[PDB]
A.B. asks: 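I'd like to ask some things about the structure below.
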Amino acid sequence: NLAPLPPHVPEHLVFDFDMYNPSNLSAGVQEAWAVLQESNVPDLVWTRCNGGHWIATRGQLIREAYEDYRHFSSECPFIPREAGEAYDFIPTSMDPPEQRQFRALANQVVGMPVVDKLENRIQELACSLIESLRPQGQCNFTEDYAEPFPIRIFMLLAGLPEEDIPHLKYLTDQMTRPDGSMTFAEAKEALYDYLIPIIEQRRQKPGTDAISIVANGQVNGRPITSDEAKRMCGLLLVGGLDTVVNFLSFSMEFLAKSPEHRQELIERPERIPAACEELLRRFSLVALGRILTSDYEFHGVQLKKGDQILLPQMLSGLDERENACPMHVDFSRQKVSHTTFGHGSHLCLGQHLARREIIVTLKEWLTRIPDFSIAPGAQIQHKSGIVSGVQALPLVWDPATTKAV
Ligand code: HEM
Ligand SMILES: CC1(C)[C@@H]2CC[C@@]1(C)C(=O)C2
Ligand SMILES: [K+]
């Protein structure tokens with residue numbers, strides 16, 4: 001419901017946006033969040049939803065606050081407060097200076113050198129999955145590709161069995177888009193319950209998988225503790241299971257609904273990397289926050305020590321002040337401004353893996369299934385939270401005018 005207005009918040013800044021169920025969700029989730037950028041809405045508002053918190057609505061403020069970790073701390077980075085307080089993943093829940101030492105280790109397991117070598121496998125799985133679907137003339141894209149493609153790449157990287165996916169995906173989703181059956185703290189404890197014995201097993205008998213590497217890792221030259229390893233591995237499993245998975249569905253829904261854009265990439269395949277960047281801007285999907293470390297006047301608004309502020313990564317690139325005609329998709333956009341992978345010291349470490357998964361998907365899908373559309377009479381429903389997504393994406397095409405590679 002609505003939390004009592006704190007005594008320091010003026011009524012004129014109140015805009016009761018619900019990040020877990022925004023009122024304009026039927027329009028599309030990005031559209032739903034973009035109501036915060038209508039001309040009469042201030043740059044910084046307070047919502048009484050979800051326990052009460054600030055929201056920065058414009059790219060300028062969102063970038064500034066992400067750079068300023070001294071005032072805007074990552075120690076409580078989720079709304080609602082009980083979720084941010086419980087949240088202890090590494091490096092996400094840390095500020096510099098301590099955060100920094102943990103990035104090199106995360107880089108070892110998800111960074112460019114890993115991705116470079118993940119190459120043939122990512123390519124082979126994309127092709128296999130898509131070829132299987134091609135002669136059917138239909139699929140449920142979320143379950144048939146968006147989930148298994150990035151999730152199998154991740155489970156392989158992490159040396160975790162594929163049969164564990166349903167459990168782990170359910171838990172991850174409770175942390176970003178809870179259905180109400182579990183608190184964030186319960187979902188996180190269940191993830192840790194899974195991870196703890198595995199981490200100990202791989203500290204005793206190390207492999208070459210990501211969990212082994214983290215569990216046996218060093219951080220600025222000293223051994224990682226079991227606790228830190230667990231906190232880092234939890235983050236890796238959320239990144240693997242609930243990021244690219246959602247983004248692929250926004251992108252494919254857009255392509256299903258825009259033949260002209262499909263044609264563009266079929267005719268000019270070299271534009272695929274640039275298209276990936278533009279789609280990352282338009283279909284940005286993450287919204288994290290920070291907590292005030294002190295009372296602080298920010299852009300004319302009095303923020304109080306301990307207030308939470310939602311800083312939607314999603315919103316920077318949709319801001320007309322960053323990109324003209326922001327809801328319009330233009331693969332030839334010359335300065336594609338966004339903070340889709342974050343901003344400041346926590347810039348996404350998985351972004352190279354994510355782009356490779358996106359670009360491989362766009363190329364290999366359009367090769368095999370160039371012409372597809374939304375299933376007859378389907379109304380595509382989005383879902384909103386810390387990471388937003390697509391509930392279901394039924395697609396159809398005529399298989400007779402397709403062929404195997
Ligand atoms: C479309 C895909 C993705 C998006 C939009 C995305 C977004 C983000 C964002 C916004 C942050 C910064 C949050 C903050 O302010 O602390 C971040 C951090 C991070 N991401 Fe990603 N991410 C994606 C994919 C991945 C994947 C696939 C992985 C690994 C499998 C991953 C691993 C990480 C890690 C380890 C960090 C922590 C960096 C730090 O706190 O220093 N991400 N991501
Ligand atoms: C905000 C994120 C996308 C980033 C990586 C996974 C995620 C849900 C986090 O907890 C940190
Ligand atoms: K915390």
Side-chain angles (χ1 to χ4, degrees), residues 62-63 65-67 69 72-78 81-96 98-111 114-115 118 122 146 149-151 153-158 172-173 175-177 184-185 187-188 191 210 214 231-251 276-277 279-281 283-291 308 310-317 338-358 361 385-389:
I62 291 166
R63 296 167 177 275
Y66 276 122
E67 293 178 22
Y69 56 85
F72 299 102
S73 172
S74 289
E75 282 195 13
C76 184
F78 273 36
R81 189 174 301 272
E82 61 266 28
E85 285 180 340
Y87 186 101
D88 71 338
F89 289 166
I90 290 176
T92 303
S93 69
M94 292 174 164
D95 296 311
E98 66 174 350
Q99 171 215 352
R100 302 209 172 269
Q101 62 201 323
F102 296 100
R103 284 178 65 86
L105 190 52
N107 244 333
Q108 272 198 315
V109 301
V110 301
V114 170
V115 180
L118 273 171
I122 294 172
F149 173 63
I151 297 177
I153 293 314
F154 180 79
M155 298 296 279
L156 174 66
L157 167 64
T172 297
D173 285 5
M175 308 180 82
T176 54
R177 293 177 304 285
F184 171 95
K188 193 204 57 143
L191 195 65
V214 171
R231 293 164 58 201
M232 287 188 60
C233 289
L235 176 64
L236 299 179
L237 274 66
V238 181
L241 276 46
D242 203 42
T243 59
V244 177
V245 170
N246 300 121
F247 178 77
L248 290 176
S249 291
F250 290 122
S251 291
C276 170
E277 213 69 17
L279 293 166
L280 284 163
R281 185 196 63 80
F283 297 111
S284 199
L285 66 173
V286 176
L288 261 184
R290 299 287 185 257
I291 188 164
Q308 295 185 272
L310 185 77
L311 299 173
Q313 280 85 350
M314 183 200 293
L315 284 182
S316 303
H338 69 77
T339 55
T340 288
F341 291 118
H343 189 73
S345 77
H346 290 268
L347 200 52
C348 176
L349 292 163
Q351 60 180 96
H352 315 297
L353 176 58
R355 287 194 177 86
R356 177 67 63 78
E357 290 176 347
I358 296 160
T361 292
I386 300 281
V387 182
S388 289

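Heads up: numbering here begins at 1 and tracks the sequence. Computed from heavy atoms alone, side chains included, the values below leave out hydrogens, waters and symmetry copies. For ligands, and for the atoms within them, numbers begin at 1 and follow the listed sequence.
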A.B. asks: With side-chain contact (heavy atoms from CB on, under 4.5 Å) as the test, would you mind laying out the steps for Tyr87 and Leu235 before giving the verdict?
C.D. replies: CA-CA 10 Å; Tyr87 186 101; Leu235 176 64; 3.7 Å; yes
A.B. asks: Between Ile122 and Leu353, is there a side-chain heavy-atom distance shorter than 4.5 Å?
C.D. replies: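 With C-beta onward as the side chain, the pair touches.
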A.B. asks: Can you list the atoms of ligand 2 that are under 4.0 Å from a heavy atom of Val286?
C.D. replies: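 By the 4.0 Å cutoff, the relevant atoms are 1 (C), 3 (C).
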A.B. asks: Quick one: closest heavy-atom pair of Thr92 and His346, and the distance?
C.D. replies: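 That closest heavy-atom pairing would be O-CE1, 3.4 Å.
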A.B. asks: Starting from atom 30 (C) of ligand 1, locate the nearest protein heavy atom and write down its residue, its atom name and how far away it is, to 0.1 Å.
C.D. replies: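 Residue, atom and distance for the closest contact: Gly240 N, 3.8 Å.
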A.B. asks: When you look for heavy atoms under 4.0 Å from ligand 1, do you find them on the side chain of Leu157, its backbone, both, or neither?
C.D. replies: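 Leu157 to ligand 1: no contact under 4.0 Å from either part.
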A.B. asks: Heavy atoms only, cut-off 4.0 Å: how does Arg290 contact ligand 1, side chain, backbone, both, or neither?
C.D. replies: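 It is the side chain that gets close, since no backbone atom is under 4.0 Å.
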A.B. asks: Is there a protein heavy atom at a distance of less than 4.0 Å from atom 2 (C) of ligand 2?
C.D. replies: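 When distances to the protein are checked, atom 2 (C) of ligand 2 has no heavy atom within 4.0 Å.
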A.B. asks: Search all heavy atoms of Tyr66 against all heavy atoms of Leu311 and return the closest pair with its distance.
C.D. replies: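 So the minimum-distance heavy-atom pair works out to OH-O, 2.7 Å.
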A.B. asks: Checking side-chain contact (heavy atoms from CB on, under 4.5 Å) for the pair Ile62/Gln313: CA distance, chi angles, key distance, verdict?
C.D. replies: CA-CA 7 Å; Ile62 291 166; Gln313 280 85 350; 5.8 Å; no
A.B. asks: Return the closest protein heavy atom for atom 35 (C) of ligand 1 as residue, atom name and distance.
C.D. replies: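 So the nearest neighbour among protein heavy atoms is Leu235 CD2, 3.8 Å.
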A.B. asks: Within the structure provided, determine whether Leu347 and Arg103 are in side-chain contact (heavy-atom separation under 4.5 Å).
C.D. replies: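 They are in side-chain contact.
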A.B. asks: Taking atom types as modelled and ignoring hydrogens, do the side chains of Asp242 and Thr176 form a donor-acceptor contact shorter than 3.5 angstrom?
C.D. replies: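 Result is yes, a qualifying pair exists.
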A.B. asks: For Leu235, counting its heavy atoms only, list the atoms of ligand 2 lying under 4.0 Å from any of them.
C.D. replies: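 Listed by number with element, the hits are 5 (C), 6 (C), 9 (C), 10 (O), 11 (C).
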A.B. asks: Is there a donor-acceptor contact under 3.5 Å linking the side chains of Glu67 and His343?
C.D. replies: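 Yes.
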A.B. asks: Can you tell me the protein heavy atom closest to atom 29 (C) of ligand 1 and the distance?
C.D. replies: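 For atom 29 (C) of ligand 1, the nearest protein heavy atom is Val110 CG1, 3.9 Å.
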A.B. asks: Is the contact between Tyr66 and ligand 1 made by the side chain, the backbone, both, or neither, using heavy atoms and a 4.0 Å cut-off?
C.D. replies: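 Answer for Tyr66: side chain.
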A.B. asks: Within the structure provided, determine whether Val387 and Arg177 are in side-chain contact (heavy-atom separation under 4.5 Å).
C.D. replies: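 Yes, at least one pair of side-chain atoms sits under 4.5 Å.
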A.B. asks: If you count the atoms of ligand 2 from 1 in the order shown, which ones are under 4.0 Å from a heavy atom of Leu288?
C.D. replies: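 Selected atoms, number and element: 1 (C).
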A.B. asks: In sequence, state the C-alpha distance, the side-chain angles, and the governing distance for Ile153 and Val244, and then conclude on side-chain contact (heavy atoms from CB on, under 4.5 Å).
C.D. replies: CA-CA 11 Å; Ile153 293 314; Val244 177; over 6 Å; no
A.B. asks: Can you tell which part of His346 has a heavy atom less than 4.0 Å from ligand 1: side chain, backbone, both or neither?
C.D. replies: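 Near ligand 1, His346 shows its backbone as well as its side chain.
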A.B. asks: What is the minimum heavy-atom distance between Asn246 and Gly389, and which atoms define it?
C.D. replies: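 It is ND2-CA, 3.9 Å.
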A.B. asks: How far is atom 8 (C) of ligand 2 from its nearest protein heavy atom, and which residue and atom is that?
C.D. replies: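 Answer for atom 8 (C) of ligand 2: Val238 CG1, 3.5 Å.
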A.B. asks: Give yes or no for whether the N/O distance cutoff of 3.5 Å, strictly under, is met between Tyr87 and ligand 2.
C.D. replies: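 By distance alone, the answer is yes.
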A.B. asks: Go through the side-chain N and O atoms of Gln99 and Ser345 and say whether any donor and acceptor fall under 3.5 Å apart.
C.D. replies: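 Result is yes, a qualifying pair exists.
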A.B. asks: I'd like to check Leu279 versus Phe247 (side-chain heavy atoms, cut-off strictly below 4.5 Å). Are they in contact?
C.D. replies: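 Yes. Closest side-chain heavy atoms under 4.5 Å.
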A.B. asks: Please report which non-hydrogen protein atom sits nearest to atom 5 (C) of ligand 1, along with the residue it belongs to and the distance in Å to one decimal place.
C.D. replies: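 Closest protein heavy atom to atom 5 (C) of ligand 1: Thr340 O, 3.4 Å.
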A.B. asks: Got the closest protein heavy atom to atom 38 (C) of ligand 1, with its distance?
C.D. replies: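 Protein heavy atom at minimum distance: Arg103 NH1, 3.3 Å.
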A.B. asks: Do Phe78 and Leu288 come within less than 4.5 Å of each other through their side chains, counting heavy atoms only?
C.D. replies: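 Contact flag for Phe78/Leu288 side chains = yes.
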A.B. asks: Are the side chains of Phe184 and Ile386 in touch, meaning some heavy atoms are under 4.5 Å apart?
C.D. replies: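 No, every pair of side-chain atoms sits at 4.5 Å or beyond.
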A.B. asks: Excluding waters, how many protein N/O/S atoms sit closer than 3.4 Å to the K ion (ligand 3)?
C.D. replies: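 That number is 4, waters not included.
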A.B. asks: Tell me, which protein residue and heavy-atom name are nearest atom 13 (C) of ligand 1, and how many Å apart are they?
C.D. replies: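 Residue, atom and distance for the closest contact: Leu288 CD1, 3.1 Å.
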A.B. asks: Between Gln99 and ligand 1, does any nitrogen or oxygen pair lie at a separation below 3.5 Å?
C.D. replies: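 The answer is yes, given that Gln99 and ligand 1 share an N or O pair closer than 3.5 Å.
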A.B. asks: May I ask you to list the protein N, O or S atoms found at less than 2.8 Å from atom 21 (Fe) of ligand 1?
C.D. replies: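 Listed by chain and number, the nearby protein N, O or S atoms are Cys348 SG.
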A.B. asks: Restricting to non-hydrogen atoms, name the atom on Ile358 and the atom on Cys276 that form the minimum distance, rounded to 0.1 Å.
C.D. replies: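 Heavy atoms of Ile358 and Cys276 come nearest at CG2-SG, 3.6 Å.
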A.B. asks: Evaluate the side-chain proximity of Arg355 to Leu280: yes if any heavy-atom separation is below 4.5 Å, no if none is.
C.D. replies: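 A side-chain contact under 4.5 Å exists here.
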